[PDB]
Amino acid sequence: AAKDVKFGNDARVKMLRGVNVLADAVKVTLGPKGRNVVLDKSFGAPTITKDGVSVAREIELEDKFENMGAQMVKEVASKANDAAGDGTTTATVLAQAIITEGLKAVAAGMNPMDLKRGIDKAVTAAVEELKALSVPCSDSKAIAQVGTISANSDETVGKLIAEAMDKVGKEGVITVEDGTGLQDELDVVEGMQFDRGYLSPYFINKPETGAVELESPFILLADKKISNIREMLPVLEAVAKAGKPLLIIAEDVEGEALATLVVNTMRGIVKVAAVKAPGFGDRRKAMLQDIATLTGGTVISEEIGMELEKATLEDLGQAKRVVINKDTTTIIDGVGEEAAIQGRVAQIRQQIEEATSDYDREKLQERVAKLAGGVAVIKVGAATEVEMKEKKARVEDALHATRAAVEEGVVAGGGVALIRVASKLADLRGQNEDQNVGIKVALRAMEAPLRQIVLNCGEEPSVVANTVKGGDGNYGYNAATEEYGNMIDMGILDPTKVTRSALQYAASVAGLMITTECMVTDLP
Amino acid sequence: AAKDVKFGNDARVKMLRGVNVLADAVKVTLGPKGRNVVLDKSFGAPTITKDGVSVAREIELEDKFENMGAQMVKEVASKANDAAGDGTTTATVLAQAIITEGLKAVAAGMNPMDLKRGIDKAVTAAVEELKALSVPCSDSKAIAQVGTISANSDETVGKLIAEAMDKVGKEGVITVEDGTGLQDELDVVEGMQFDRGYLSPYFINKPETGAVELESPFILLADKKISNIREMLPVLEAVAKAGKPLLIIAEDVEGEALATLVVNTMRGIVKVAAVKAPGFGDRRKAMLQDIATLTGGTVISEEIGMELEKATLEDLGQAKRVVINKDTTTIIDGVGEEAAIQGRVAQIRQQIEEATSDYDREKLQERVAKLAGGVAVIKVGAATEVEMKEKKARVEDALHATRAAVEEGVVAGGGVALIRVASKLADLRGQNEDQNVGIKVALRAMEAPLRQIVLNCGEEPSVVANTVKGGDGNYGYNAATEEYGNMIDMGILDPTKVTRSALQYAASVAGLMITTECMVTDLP
Amino acid sequence: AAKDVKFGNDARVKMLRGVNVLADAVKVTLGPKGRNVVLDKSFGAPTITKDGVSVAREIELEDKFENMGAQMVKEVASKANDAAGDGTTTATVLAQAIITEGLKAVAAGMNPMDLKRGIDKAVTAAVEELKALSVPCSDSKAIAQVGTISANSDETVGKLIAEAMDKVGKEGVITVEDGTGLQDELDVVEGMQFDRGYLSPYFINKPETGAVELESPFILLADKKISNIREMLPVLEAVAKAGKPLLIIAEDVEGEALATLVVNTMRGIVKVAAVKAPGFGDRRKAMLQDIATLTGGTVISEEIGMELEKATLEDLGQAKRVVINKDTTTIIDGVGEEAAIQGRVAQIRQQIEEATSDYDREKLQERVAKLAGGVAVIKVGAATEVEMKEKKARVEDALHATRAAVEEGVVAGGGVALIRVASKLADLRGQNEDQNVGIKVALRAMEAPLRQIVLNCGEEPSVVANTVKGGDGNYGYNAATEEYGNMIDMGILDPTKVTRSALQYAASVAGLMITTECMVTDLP
Ligand SMILES: Nc1ncnc2c1ncn2[C@@H]1O[C@H](COP(=O)(O)OP(=O)(O)O)[C@@H](O)[C@H]1O
Ligand SMILES: Nc1ncnc2c1ncn2[C@@H]1O[C@H](COP(=O)(O)OP(=O)(O)O)[C@@H](O)[C@H]1O
Ligand SMILES: Nc1ncnc2c1ncn2[C@@H]1O[C@H](COP(=O)(O)OP(=O)(O)O)[C@@H](O)[C@H]1O
Ligand code: BEF
Ligand code: BEF
Ligand code: BEF
Ligand SMILES: [K+]
Ligand SMILES: [K+]
Ligand SMILES: [K+]
Ligand SMILES: [Mg+2]
Ligand SMILES: [Mg+2]
Ligand SMILES: [Mg+2]
């Protein structure tokens, strides 16, 4: 199709206009005194959000060159959300500041590539300084502070997240889902549990709770389909001689076998419960092997070279309790040696180290948690649906921030750490004068987040910026209280990883955006 | 698609305009002197309604920012209708008042988040005060008063609902359906009845009434499809030896078996009637087990491990009377031990405590009522169809309000209880001045429902408001007679749950709406 | 459909306008101080590129005659990219210069065909001069310099490419793919490796690394689907007698055979691994024969006249080590006589000499590299996706330029070699005055690339051009440092093939475009 071509300063002006539109929409949500943005939805009611990436993903402009600018700058927030899960608004603010200063430098006659090289050098030095400035975050009080700050200063969210992270451990998994009441609740499950219930309600022996309960059972792990009871007679006779319950986990069990088992259950010969194997395909085999290692049994598969009729008691696993209901089966205190379990989790860790997509990493981490740690679920409580969505977003942000802080440490919040780094980088020089101008551009842009935080509070950004720059260490400005003090003492903590990622992504996109000379897009 | 972005006060003004349009449409229907709204229908005649949620669901605006405001405020009425079934107009009025006062406070330079926090604190305190202010509603006179008030002061509706609730009991179910005459009628069914008639008109032994009547029969409950008569010969012979009728409840019965049964019926060997089992799938099995527990019999199923030919007299249930017609089968005075029925209803209650959707809860409640309570149907009478729909809506509103009042108690009506609570909360303070302003905003908005009720009557809302505030206790204004007096003595009662829910939902939505700074929507 | 027809000067003016639009878009990216062009994408974010052909392929104009001019001049860049992979911007600049000067000559009253003949003669003489002016490029320092220059002066890219070329050899293959980190990495694989993993995870004997490792195995190469183990019994017995592992490469292996093999593996009877044969169709057979020649075995096929049951130890290949994992199989140090390997690579070389499409040529090259050389992969590191794409394009350009420089030598860069050639051709004369004017047009156009390079730097092209023309040899202008000196000493090298190809293609298109008199296109 026919194209429209713009050259030089006209193209740069249109690009800056689009960048400014997107950044102005995003930046009103930054800090403890930021506000919400209402986003229209074609299907349903509008959503009200304080998240930078959610606002950024909805912005599209009528003018095509301004739209090109906005689409270019949207990638900063997208990448920050993908990487750290937090700090998208800060990244957008940094990108806009760099783009504006660099365009000013280009309009005065500077070489764009040298400016880009200077910006890259300054950002590398800043990343080194941030790494040197970090402190470990291991105590639960610091984790609670990080979660509170990341959830727009909500103490309950931070306390709940700290409790969940303490209970579940280091190898566990925490997820957030919608609740039903008005208060947040935490449900932590220890051991192995999968979303499979009994295949027949007649297996229930405790009708008061509507659940199947078995004490010290046998576990028959079959990686096959059981349809004819003839394959099951020998082991059934053996367990009847033993006199303890049996739990059969199979891919599926047919009607004749169900009828035989429910007949044998209530008649008193044997106590039997049957459920379906979790997962589909190779992952189902992996979960079956995990259960076998946990309970100390062996999976009966055709592909390995054994048949069901030849099974013995040694092949069956064992546990201490089994609780089954309509939806979930939990194995409690399965007898297994720590050597095999540790080997299995080490294998799954090595598998995690060689996987690409995040979904597969999440599934493997869930498996590791089921083997070694625990699983926690946080149910968010709210009166309405818009409130529920907003609070769920805040809780997820706090969860991501706590993970990042635990893995990489914390720095002073409120934009203070970036200012300290920029002050520490005041002697850095490049190869020529344009590279020095680029370094100065990056150092100036490093003060934008604090200025925006103060501007959102209704104060004067230049005065607060000068007062903070006059200090040293963790001295900073509390925007919620409007007071100066030690950032660490008042609990305004930022994870180091979030700050570093925001800086790197913003610089990477803005450096390329500065070097533009021509624009090609479709005609209106 | 391309987006339109508005910032700050322009966005807030447009949102307030949309909110005002929706609230102005809704509020004309509030109180004893509210009026009706005609809603156009694409398929058919227009509907005339006084319901707040019905009006709110139909409002959509041409301007997109005002439409976002209206769509946001619609959720209050939707949530109130879902929760209590009544009090949607009051919730909409409260939400509009909070939004207006909060936008005024924001325009003067207050921090929206602190205003929202103050509003939340005031609403929590108000909920506590309302709980402390409630009184029990157990007598039938108070229930009749509540039903009369909720049906727009219709004494016949309240009296009918009180009679139905007294006859049916605590565990029963009352439904409202269209009638045929000009008068409302109440039909109560005691015992077990399901919507299945006889499978052959030749079973009729009393052609005067066109129905099958059996005195002290046997009940054969088979969870299977009967096609060949050979399965049924032994029990038929045994019943013929016994000499009293038999009722066969099965999934279905084939033509050969029907022919054999109708041949044996009039020839005098045995008295037999056959009907289909109610329900489809698991619920059919649940109802079969319920009938088995009620009549003291056993269900003949293959999946449990028994066959029909091996049935004896023990497996057959017993009753005192069975009446069957074209459409319904009723079992009167089934012979069962109270322990089994109480256990079964306890199991179904525990199942109700673990259900999510309202349909499943309603079905379980109907089953519990069939086991223990009764079932009532109210047929509404009206000359035309618009009148029919209007009166049916009013009766449903009264039914929901009586349920809420029975479960949680009643307070003074006419907006008096909210005024008393706001007076009790006059000393509440927050953390800073913006939170105090938010508390004051909530307390001021708590007087809106009475002001709107009086304004609809054509009186002066400020004078009545001051006079009511000068009183104490249940002193209030009777808008129907234009007099002052004790609200409780005059029968103007509001359920506590409706008032509390309206307050909570209105606050939850309005607090978020106050904190908006930017709006993003599609271009016109 | 109806046509629009233009004659003479109007048509030539419109065509020149379209040429100028495309060339102005392209030329802003030329040289060390060129800038980037943002190209809009219908599906996704815009791409930022410094490549001439990428910009040229996106240009289409609303006016149909100008569009005809642009479409005509786009073929120069397309052909240069197809031929050398580099030098598209230089070719576009040369074509525009020739077109402009030739149109000026035509407008003064000269015969276009004689001008075209003079241009052709000058270009032939220039190609001869460039061939005489080239010097060999064999040392790694010169290759690194060429790669650095072609990657827009990135020393790391040039060093990495030189290392890869040294490690892999002359007959190897180097590819560029997306990385995951922020730094470029090089992975070189020696021997034969194909993208096939094991057919069963139970073959694994080293669970620590999750891989199958076999020391001094036998290799069974069969172009057949194995389903029944009965065909495989004799060779399995024989290798069990031998006592060394066996690797089975087949088209596919059925489930019964997998079960038998996995049962025999862990039981200590024999050590067996099985994978699928790489490729589909004739190429699969070629790869099987290549593996057979490498390992010294024979392929079992029905089409040659042998059966699997009759196989012996002589038919089985041998190797030193075999490593198999989820995705790749690697045969390390297969025992084979160099005579057969050399014959096979000579056969594939002769096949390469008689193939048309680039896909077949590159596949044959990969096969030759697997037989004799190595395979290297360069993973590009970048923070974002736009940066990733830009850097990947630069690395690919450097790779193509290094290949061209190795095969045909290098000349002075910066547009100096063309100027020297034009100076050497100052005595060339044609048959008549129009041909002399055409020769002068070509000689004048040969100075355009340096002028554009200097203009992009913000300097004065005429002054630099005169200063360079006043010199001799490799004297030139360094546009990065704004200094004069020896082109070769400061490492500004251009491959001879790229320069010659750009000149030839630009002349070929521009000569035809000069001779236009009438234009026929569709009505608007
Ligand atoms: N009380 C406070 N005083 C000063 N700065 C704060 C305070 N609370 C939070 N901040 C700062 O505000 C920022 C919060 O940004 P936020 O709105 O979450 O956007 P994002 O995290 O996506 O950049 C953090 O960098 C934090 O350092
Ligand atoms: N006679 C009366 N005098 C004063 N207030 C009344 C009288 N009758 C009803 N009301 C009040 O009017 C309100 C009923 O409003 P209604 O139109 O049913 O809307 P909603 O959907 O909010 O229930 C109740 O809060 C009740 O207290
Ligand atoms: N430092 C330098 N000084 C002068 N000329 C240079 C320098 N670096 C590169 N060049 C010249 O710039 C040209 C590179 O142009 P480029 O943008 O790659 O377009 P093309 O597609 O024609 O290769 C080469 O011909 C090279 O001779
Ligand atoms: F808006 Be940021 F991601 F907290
Ligand atoms: F109009 Be409300 F629901 F009584
Ligand atoms: F733009 Be050229 F192909 F380096
Ligand atoms: K934000
Ligand atoms: K109403
Ligand atoms: K270029
Ligand atoms: Mg955040
Ligand atoms: Mg009502
Ligand atoms: Mg190049």
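Every number for a ligand or one of its atoms is a count from 1 in the order of the listing. Chain letters run A, B, ... following the sequence lines, proteins first, then strands; residues in each count from 1. FYI, side chains are in, hydrogens and waters are out, and symmetry mates aren't considered; it's all heavy atoms of this structure.
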Identify, for atom 1 (F) of ligand 6, the protein heavy atom at the shortest distance, and state residue, atom and that distance.
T89(C) OG1, 3.0 Å
Can you confirm whether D494(C) sits close enough to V410(C) that some side-chain heavy atom of one is under 4.5 Å from a side-chain heavy atom of the other?
no
Under 4.0 Å to a heavy atom of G52(C) - the qualifying atoms of ligand 6, by number:
1 (F)
Check against side-chain contact (heavy atoms from CB on, under 4.5 Å), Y477(A) and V454(A):
CA-CA 9 Å; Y477(A) 181 69; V454(A) 173; 4.0 Å; yes
Listed by chain and number, what are the ring-ring contact (aromatic ring centres under 6.0 Å, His included) partners of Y505(C), not counting sequence neighbours?
none
Residues two or more places apart in sequence or in another chain: which of them pass side chain to side chain contact (heavy atoms under 4.5 Å, CB included) with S153(C)?
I149(C)
Under the 3.5 angstrom rule, does the side chain of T29(C) hit a backbone N or O of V26(C) as a donor-acceptor pair?
yes
A side-chain contact here means heavy atoms from C-beta on lying under 4.5 Å apart; do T92(C) and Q96(C) qualify?
no
Can you confirm whether more than 12 heavy atoms, excluding those of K79(C), are under 6.0 Å from its NZ atom?
no
Indicate yes or no: at least one non-hydrogen side-chain atom of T90(B) is less than 4.5 angstrom from one of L30(B).
yes
Protein N, O or S within less than 3.4 Å of the K ion (ligand 8), waters excluded
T29(B) O, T29(B) OG1, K50(B) O, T89(B) OG1
In ligand 6, the atoms that come under 4.0 Å of a heavy atom of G87(C) are 2 (Be), 3 (F)
Quick one: do the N36(A) and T515(B) side chains pair a donor with an acceptor below 3.5 Å?
yes
Does a donor on one side chain sit under 3.5 Å from an acceptor on the other, for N456(C) and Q452(C)?
yes
Ligand 1: which residues have a non-hydrogen atom closer than 4.0 Å?
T29(A), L30(A), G31(A), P32(A), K50(A), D86(A), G87(A), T88(A), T89(A), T90(A), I149(A), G413(A), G414(A), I453(A), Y477(A), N478(A), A479(A), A480(A), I492(A), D494(A)
Could you work out, for atom 3 (F) of ligand 6, the closest of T88(C), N152(C), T92(C) by heavy-atom distance?
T88(C)
Side-chain touch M446(A)/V421(A), heavy atoms, less than 4.5 angstrom
yes
Under 3.5 Å, is there a donor on one side chain and an acceptor on the other for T148(A) and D154(A)?
no
If you have a sec, work out which protein heavy atom is nearest atom 4 (F) of ligand 6 and how many Å separate them, to one decimal?
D86(C) OD1, 3.0 Å
